[PDB]
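S.K.: Attaching a single structure in structure tokens format; questions to follow.
Derivation of every value follows stated rules applied to the coordinates shown; laboratory data play no part. When we count neighbours, we look across all protein chains shown, and the Cβ atoms used for this are built from the backbone with ideal geometry, even at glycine.
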Amino acid sequence: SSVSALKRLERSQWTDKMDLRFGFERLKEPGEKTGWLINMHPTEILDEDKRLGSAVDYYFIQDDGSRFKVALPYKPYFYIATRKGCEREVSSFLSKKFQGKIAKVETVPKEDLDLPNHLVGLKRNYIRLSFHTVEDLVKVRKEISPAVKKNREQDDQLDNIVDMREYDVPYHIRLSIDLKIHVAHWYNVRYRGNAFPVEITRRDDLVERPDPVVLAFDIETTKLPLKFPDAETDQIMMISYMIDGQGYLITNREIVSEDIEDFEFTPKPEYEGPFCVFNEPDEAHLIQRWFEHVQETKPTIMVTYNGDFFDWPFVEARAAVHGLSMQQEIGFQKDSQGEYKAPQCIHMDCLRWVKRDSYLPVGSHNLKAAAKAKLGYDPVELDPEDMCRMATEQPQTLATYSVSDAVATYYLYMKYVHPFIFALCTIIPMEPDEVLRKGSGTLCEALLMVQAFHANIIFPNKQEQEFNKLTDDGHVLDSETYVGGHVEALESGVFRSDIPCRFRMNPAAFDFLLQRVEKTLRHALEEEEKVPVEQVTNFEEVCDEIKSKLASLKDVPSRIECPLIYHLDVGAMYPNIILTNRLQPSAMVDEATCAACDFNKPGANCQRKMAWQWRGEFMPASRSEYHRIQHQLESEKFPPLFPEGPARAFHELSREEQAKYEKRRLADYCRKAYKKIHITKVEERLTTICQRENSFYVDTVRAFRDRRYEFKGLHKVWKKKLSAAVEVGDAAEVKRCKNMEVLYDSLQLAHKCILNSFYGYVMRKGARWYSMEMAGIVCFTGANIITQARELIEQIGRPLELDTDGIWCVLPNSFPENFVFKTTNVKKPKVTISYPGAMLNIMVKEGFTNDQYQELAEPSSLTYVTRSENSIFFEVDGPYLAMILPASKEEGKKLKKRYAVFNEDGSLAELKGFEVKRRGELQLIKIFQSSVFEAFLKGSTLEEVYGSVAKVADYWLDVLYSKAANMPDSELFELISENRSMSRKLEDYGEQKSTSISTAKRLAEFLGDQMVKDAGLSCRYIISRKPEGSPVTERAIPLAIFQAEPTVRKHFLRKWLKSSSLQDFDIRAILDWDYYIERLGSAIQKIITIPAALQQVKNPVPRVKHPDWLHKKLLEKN
DNA sequence: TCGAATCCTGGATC
DNA sequence: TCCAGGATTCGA
Ligand code: SF4
Ligand SMILES: [Ca+2]
Ligand SMILES: [Ca+2]
């Protein structure tokens, strides 16, 4: 043990050595200082007793650039529950058995929601243990746990213990829960003296943040063609980085042919990017220079793109090959999980954010796309085959490109990432890098821990999984879930305001609507505006206008008119449903508990009942067969799980793995006795939601909603003030206002993120508070509101798309759109009401809203007040200029989430179910799809619209038919060459065949087995015609031949084509033109020609066929 | 004997 | 985590 003690002392002094090297002095004598808290880590530290105790370090910074550490001791503790009344005796045993390890043992009561009648006000006692250091927590936990399990299964001193809680919350999270310390607050701290603990006080007085120094860097390398770079053979060729708006470029002068000299590269006036240049004799000097410059400038935040996965290891290895050990110089080291970390400097990252939080569509996560979308400029791109060629022949081009990764990533990080992470971190205890790396579901739980602590409620355990659970009829389940909602495109076609369409609508629906018109607007005034009608003079005039319009619609229900395109959606519908229904993760009970609760008496109104749908997939075998298989596995002993030990009885093996053995043996049996692979069943259930259970969760959600709207209000105010400051042009005031604007906007984005996270936690596996019921009841209710909405609209008009959060709709031009009301209250001189929204809002107010909410009046009397509430509230959008949907090639199948939309300006408002870039798709489709949508806006009637957009396809088709005769072949290659790359060794497949594989075998044949050796072969192929009839996995030809010497080409082509008599080899002879013309067909048929036949227009492109089902349906309908 | 279903592989650094 | 594309497997 002493060897571990001295090892952890060694690492402690090593960290303090680094901190002194990076200027983080300690506090050493009594005094007070004010500082901003940037980071914290746990550490073991000595005290006056020379014992070793667990502690936490806090790192503070000051406006003057000074920095300091402080450290605080704190003792872990965890709770245990004895059998009734045994507390003293068991505590006497614990104190006897673990004297010298237990720091203290104590009795305390707690609130515990599962306790019978607990709402009457009962409580239970728990013992609290505590220890001098986190190791003894482990040692005691490991010894107590099995007695806990034994006593659980069976139901002496350990036999008395019954339950145990709260033994796995991280120690440094524990400390921030208990002592209310969060980072990016300002603090004042008093060191009273080494005899005494420090004391820390919040200073919310100070709002303005300091500026940390930030460093961003990237490296570029040699590598062999068609391969990933090799840490053992390749050499770093240059490294480039930004510090706080300044750029430096270090060149490995051995390779780069010329002495680079300084230059400037600005993407835009907002991005200056001046750059300074250094030349170093060789890679060892470049790495020395960089390790010197970092240790000089002492950066505090490092930032990099994907840097954990590629960029760090390549530096670490080459430094080690020169003996310049990374970890001693900078400090960065690989953690247990595989992330590079350091004690004094935080490794921020982008791609974790681009994934988790940035709302960007899949496959557009490439840096260059993110630069286009959020930064809005054209980065430069160059084919990684050429790197060495430029280095030999044209260095300035390689510099010019290679700086443009740094100048992009630094500004992206500063502008978008930095105020988001340091906003979100203000409300969570975890460290910044945990908050970035950790999955968002865990943040919701950590946040809920704070409230559960302040409410004095003891945590539940993590949810235990069951093995091979059974239905009552003994079907072993394989899957179980709530019935999810659905997405469906109802119709396909092209819709635009300019193009009249035919409508049919039921007149009786209008004779219902016109009865309620005043009531409708009254509601919009009374509930939504909170401006009583008595504050308006002309309320009657617009009501009679509306009634005249409704009458004019009623007179002629079937008509042709221009369309109005509206989008209807509900903001944050699921939180609103939670707030409305008082759903909580512990509100459910079985009726067996209301049998106990004294509040169960005649005419009580605490029971709310609601319904949800459940789905299961399970095997047909029943209780006998499963129990017989279990007895089979008991009667015959297993082999050892692997042949490194003796045979095992069933009690001597991993139970969870035995669950897989049982599953496999059932799957092997079933086909003898039964004749179905899966049975899938759906069912509907209802559950009593206790309406006056403790409320802290809903109170949290409501608080977050209200704070969200507060910060939106302040952001609007500060944006106006910023416009005023920028008009004035006073640089200090401009700075102050812009700082406030960023701080408020980041805070509102952070709360938006948390709010959206509050739903996604409840379904998570293993999480502390969990119930699929609450996940189901919300989701099923989220369908009724949408279905009843269409149950209205489909009588008025036509819905085009139905989606999880809203619908897309089209209404006759004659419909009442919006109005303004002449207020008397000059506080708000005019109000505008959108009638199509207000007409919907009252429906959901009437049907859905809760009228049996309850709230506590008095803790000593438990008098309760009944109430009603609602917050479900539709929002309207647009109206939009145009919308387009595709159609499926196959009959009888429905698209999802795939369409385009255009705003009244004519610019794209949306384009979804597609993307403008992919690494796995050939160029021709990408160009074609882009050009067709931009053409669809042209023309003025449907026959003109299709007559115009046909002109792109009838271009490309003749490009192919004319063999691209006039096109340069370099363009031809770029137009038709696929792309792929292999992430595995060829040995790891054994045998299988696909086009992605065959090219690698052929490249090996061409270059030798050098290509085989490892993962990361990059390959480019085209599909040949000549070997007729074989599957397409055969005919793939790698491009690299066509660069090679003629006779070598002839020799290998005659082989792979199986033609000893071909006498031409120019690519035009070889290409299987028919394949490409077909696959372009398989795109055009999904956009232009099927929809037109589905929208009463004759085929606009005769050179491509319809499928036979449509051809017959056309003939039979004609 | 043909059609429907199943499973496989990649994207994200260079 | 999600979809396209291709081939094999399974059923009438
Ligand atoms: S709903 Fe009423 S009777 Fe049922 S457990 Fe809750 S408080 Fe008791
Ligand atoms: Ca790069
Ligand atoms: Ca990189």
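S.K.: Take the Cα pairs of the stretch A:218-410, get the Kirkwood Rh, then feed it into Stokes-Einstein at 10 °C and 1.306 mPa s and tell me D in µm²/s.
M.R.: Stokes-Einstein gives a translational diffusion coefficient of 90 µm²/s.
S.K.: Going down the list A:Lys1013/A:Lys1055; A:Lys101/A:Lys334; A:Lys223/A:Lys1013; A:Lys912/A:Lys1117; A:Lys227/A:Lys1001; A:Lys17/A:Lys69, which pairs span over 22 Å between their C-alpha atoms?
M.R.: The answer is A:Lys1013/A:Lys1055; A:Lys101/A:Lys334; A:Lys912/A:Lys1117.
S.K.: Dipole of the stretch A:78-168, Cα-centred, from +1 at each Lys and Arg C-beta and -1 at each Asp and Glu C-beta, to the nearest 20 debye?
M.R.: 220 debye
S.K.: Can you give me the relative contact order of the stretch A:689-799 as a percent, contacts being Cα pairs under 8 Å and 6 or more apart?
M.R.: For the stretch A:689-799, the relative contact order is 22 percent.
S.K.: Name the residues whose placed amide hydrogens come within less than 5 Å of the amide hydrogen of A:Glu280, ignoring near sequence neighbours (fewer than 5 apart) on the same chain.
M.R.: A:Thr251, A:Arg253
S.K.: Shifting gears a bit: For the stretch A:914-984, what is the convex hull volume of the alpha-carbon atoms per residue, in Å³?
M.R.: Convex hull volume per residue, Cα atoms: 114 Å³.
S.K.: Per 10 Å bin, what is the whole-percent P(r) computed from every C-alpha pair distance within the stretch A:889-954?
M.R.: Calculated P(r), rounded to whole percents: 16, 41, 39, 4.
S.K.: Pick out, in residue order, every one of the trypsin sites (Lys or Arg not before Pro) in the stretch A:710-789 that is DSSP loop and has at most 15 other C-beta atoms within 10 Å; say none if there are none.
M.R.: Listed in order of number, the matching sites are A:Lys765.
S.K.: Choose one of A:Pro109, A:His132, A:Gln157: the residue whose Cα lies farthest towards the positive end of the charge dipole of the stretch A:78-168 (beta-carbon charges +1 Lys, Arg; -1 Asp, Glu; about the Cα centre).
M.R.: Going by the charge dipole, the pick is A:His132.
S.K.: Please name whichever of A:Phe512, A:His627, A:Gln1063 sits farthest to the positive end of the charge dipole of chain A, dipole taken about the Cα centre and charges placed at Cβ: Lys and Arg +1, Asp and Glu -1.
M.R.: Working it through, the farthest residue towards the positive pole turns out to be A:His627.
S.K.: Tell me, what is the FRET efficiency for A:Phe599 and A:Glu111 to the nearest 0.05, using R0 = 22 angstrom and their Cβ-Cβ distance as r?
M.R.: 0.80
S.K.: Let me ask you something else. Figure the gain on full extension for A:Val734 and A:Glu636 (residue separation times 0.36 nm, minus the Cα-Cα span) and round it to one decimal in nm.
M.R.: Computed gain between A:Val734 and A:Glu636 is 27.2 nm.
S.K.: At 25 °C and 0.890 mPa s, what whole-number value in µm²/s does Stokes-Einstein give for the translational diffusion of the stretch A:395-543, with Rh from the Kirkwood sum over Cα pairs?
M.R.: D, rounded to a whole number, is 97 µm²/s.
S.K.: Another question about this same structure. Under the definition of Cα pairs under 8 Å and six or more residues apart, what whole-number percent is the relative contact order of the stretch A:218-410?
M.R.: Here the relative contact order equals 22 percent.
S.K.: Using a 7 Å offset from the Cα along the Cα-to-Cβ direction at both A:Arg707 and A:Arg141, what is the distance between the two label points in nm, to one decimal?
M.R.: 2.9 nm
S.K.: Roughly what percent of Cα-Cα pairs across the stretch A:749-837 reach past 23 Å?
M.R.: Across the stretch A:749-837, Cα pairs with separations above 23 Å total 54 percent.
S.K.: Just to check I understand the Karplus step: with θ = phi - 60° and J = 6.51 cos²θ - 1.76 cosθ + 1.60, what whole-Hz values come out for the stretch A:693-704, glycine and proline as x?
M.R.: Once rounded to whole Hz, the list reads 4, 4, 10, 4, 5, 4, 4, 5, 4, 4, 4, 5.
S.K.: Which of the GluC sites (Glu not before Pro) across the stretch A:965-1044 are loop residues per DSSP, with 15 or fewer other Cβ within 10 Å?
M.R.: Within the stretch A:965-1044, the qualifying GluC sites (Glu not before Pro) (loop, at most 15 other Cβ atoms within 10 Å) are A:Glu991, A:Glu1028, A:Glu1034.
S.K.: At a Cα cut-off below 15 Å, give the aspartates and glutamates reachable from A:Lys894, other chains included and same-chain residues fewer than 8 away excluded.
M.R.: The qualifying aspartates and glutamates are A:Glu488, A:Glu491, A:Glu801, A:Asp803.
S.K.: From the alpha carbon gyration tensor of chain A, can you work out the equivalent ellipsoid semi-axes (sqrt of 5 times each eigenvalue) and give them in Å, largest to smallest?
M.R.: 51, 47, 37
S.K.: If you don't mind, there's one more thing I want to ask. With the cut-off at 1.5 for a/c, could you classify the stretch A:796-930 from its C-alpha gyration tensor as rounded, prolate or oblate?
M.R.: prolate
S.K.: What distance in nm separates the simple spin-label points at A:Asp63 and A:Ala320, each placed 7 Å from Cα in the Cβ direction?
M.R.: It is 4.6 nm.
S.K.: What percentage of all Cα-Cα pairs in the stretch A:512-639 are separated by more than 18 Å?
M.R.: Considering the stretch A:512-639, 80 percent of its Cα-Cα pairs are separated by more than 18 Å.
S.K.: Within the set of other residues whose C-beta is less than 9 Å from the C-beta of A:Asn870, count the net charge using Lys and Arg as +1 and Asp and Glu as -1.
M.R.: So the surrounding residues net to -1.
S.K.: What's the magnitude of the charge dipole for the stretch A:218-410 around its Cα centre, counting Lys and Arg as +1 and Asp and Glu as -1 at the beta-carbon? Answer in Debye, nearest 20.
M.R.: For the stretch A:218-410, the charge dipole is close to 820 debye.
S.K.: Counting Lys and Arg as +1 and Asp and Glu as -1, what is the net charge of the other residues whose Cβ lies under 10 Å from the Cβ of A:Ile925?
M.R.: Residues close to A:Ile925 contribute a combined charge of +2.
S.K.: Find the eigenvalues of the gyration tensor of the Cα atoms of the stretch A:78-168, then list the square roots of 5 times those eigenvalues as equivalent ellipsoid semi-axes, largest first, in whole angstrom.
M.R.: Equivalent ellipsoid of the stretch A:78-168: 23, 15, 13 Å, largest first.
S.K.: Continuing with the same structure: Whole angstrom only: what separates the Cα centroid of the stretch A:121-152 from the Cα centroid of the stretch A:951-983?
M.R.: 70 Å
S.K.: Excluding residues fewer than 8 places away in the same chain, name every one of the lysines whose C-alpha is closer than 18 Å to that of A:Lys547.
M.R.: A:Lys519
S.K.: Could you tell me the ratio Rg/Rh of the stretch A:1009-1118? Both radii from Cα atoms, Rh via Kirkwood.
M.R.: On the Cα set of the stretch A:1009-1118, Rg over Rh gives 1.17.
S.K.: Under unit Cβ charges (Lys, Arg +1; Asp, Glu -1), what dipole magnitude, rounded to 20 debye, does chain A have relative to its Cα centre?
M.R.: 2820 debye
S.K.: Further, regarding this structure: How far apart, in nanometres, would the label points at A:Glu466 and A:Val1097 be if each is projected 7 angstrom from Cα along the Cα-to-Cβ direction?
M.R.: 5.7 nm
S.K.: A further question on this structure: Based solely on its DSSP helices, what 222 nm [θ] is calculated for chain A when runs of n ≥ 4 H residues each add -39,500 (n - 2.57) and the sum is averaged over all residues, nearest 500 deg cm²/dmol?
M.R.: Only helices count here, giving -12000 deg cm²/dmol.
S.K.: Now, a different point. Treating only the Cα positions of the stretch A:34-114 as identical point scatterers, give the base-10 log of I(q)/I(0) from the Debye formula at each q in 0.13, 0.20, 0.21, 0.24 Å⁻¹.
M.R.: Summing over Cα pairs of the stretch A:34-114 leads to -0.67, -0.97, -1.01, -1.13.
S.K.: Let me ask something additional. Which of the GluC sites (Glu not before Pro) found in the stretch A:606-656 are loop residues per DSSP with 10 or fewer other Cβ atoms within 10 Å of their Cβ?
M.R.: Filter output for the stretch A:606-656: A:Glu636, A:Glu644.
S.K.: Still on this structure, I have one more. Check the straight Cα-Cα distances from A:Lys938 and name the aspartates and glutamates below 13 Å, setting aside those fewer than 8 residues away within the same chain.
M.R.: Within reach: A:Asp498.
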